[PDB]
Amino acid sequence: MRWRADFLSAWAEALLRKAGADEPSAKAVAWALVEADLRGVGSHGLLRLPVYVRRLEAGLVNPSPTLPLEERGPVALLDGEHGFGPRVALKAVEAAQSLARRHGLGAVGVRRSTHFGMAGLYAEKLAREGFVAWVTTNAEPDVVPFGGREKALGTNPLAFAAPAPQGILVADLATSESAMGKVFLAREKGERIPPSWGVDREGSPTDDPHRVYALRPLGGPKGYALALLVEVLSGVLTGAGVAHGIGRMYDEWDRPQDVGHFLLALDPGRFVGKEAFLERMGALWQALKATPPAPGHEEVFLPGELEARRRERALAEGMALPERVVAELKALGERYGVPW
């Protein structure tokens, strides 16, 4: 069976408000999770709602942050006050847009935030507003540094978006080879995993998901370097938590997380020009789409293109959700008196 995004979004918002979150926060979270599911990124979709609500219940998420903002020129610092990541991040997007419109560039350093879901959503929103956007967030350590055997950095994703005539280019990638969610999945299906995904407690690559102690960086040294880029911009520079100081959303419940985010919006109008940029992006997009395919492929796609086609189809015919996820959501709704 398939579900309607409008129904799921309204339901999620209603549930969150019943749980104590203010309207802006409830709307922001419903948006982030449902929009991720629409694009096929379920790892950051509604399956996260249950834990998000548990964190709120435990008093680890601010239900109504005022979101203090301080700006000077093209720079702004945002205090998330431990509010829901999507709520904090959308305010940062608003600030980045305003700053870039006035200064050509707009950088927002966010601290004291929490898990904000799919980084690409924020980058895409800024791009649809006409900006070239860069969005990063750090996360609790799950990845060993290159050459190490103990966790040092989170999956720390980097997202980058830019508008084109044919669509919105959206690069959104974790800096680790894989993700714990995929490892746990393999554990259930009793399948082997590529040794490139993780290492055992000794620090040696393993093809057994049951033996994975930590994730490995994408392409060895490079993914490790990229994870540090994300950590520096997201946590060190912002005043937020850094690595082990961030807080594990699933494992540590003694204090709120202190996730950091970094957002940068650039106005093409102050560079090559708004319309010129659009045309140039169009030429590049066209050239890529015209590229003859490699074996096993029918055509080349731009990052974010398949995600957009998936969202379009999901809006047109409904969204597919794992039976397990639906069960959890239904149970969550029932205990709060918000019928699914």
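Don't overthink the numbering: it's just position in the shown sequence, from 1.
- Once the C-alpha B-factors are averaged per stretch, 315-323 and 15-23 rank with 315-323 first.
- Judged by mean Cα B factor in the deposited record, 183-191 ranks above the other of 183-191 and 209-217.
- Taking the PDB entry at face value, the top CA B factor among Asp172, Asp142, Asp254, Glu81 belongs to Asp254.
- When the C-alpha B-factors of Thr114, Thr238, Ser204, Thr155 are read from the PDB record, the largest value belongs to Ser204.
- Sort the chain's modelled residues by C-alpha temperature factor and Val108 lands in the lowest third, per the entry.
- In the deposited entry, the Cα temperature factor of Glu305 places it in the middle third of its chain's modelled residues.
- Among all modelled residues in this chain, the alpha-carbon of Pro86 has a temperature factor (C-alpha) in the lowest third.
- Among the modelled residues of its chain, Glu57 has a C-alpha B-factor that falls in the middle third according to the deposited record.
- When the modelled residues of the chain are ordered by C-alpha B-factor, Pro163 sits in the lowest third.
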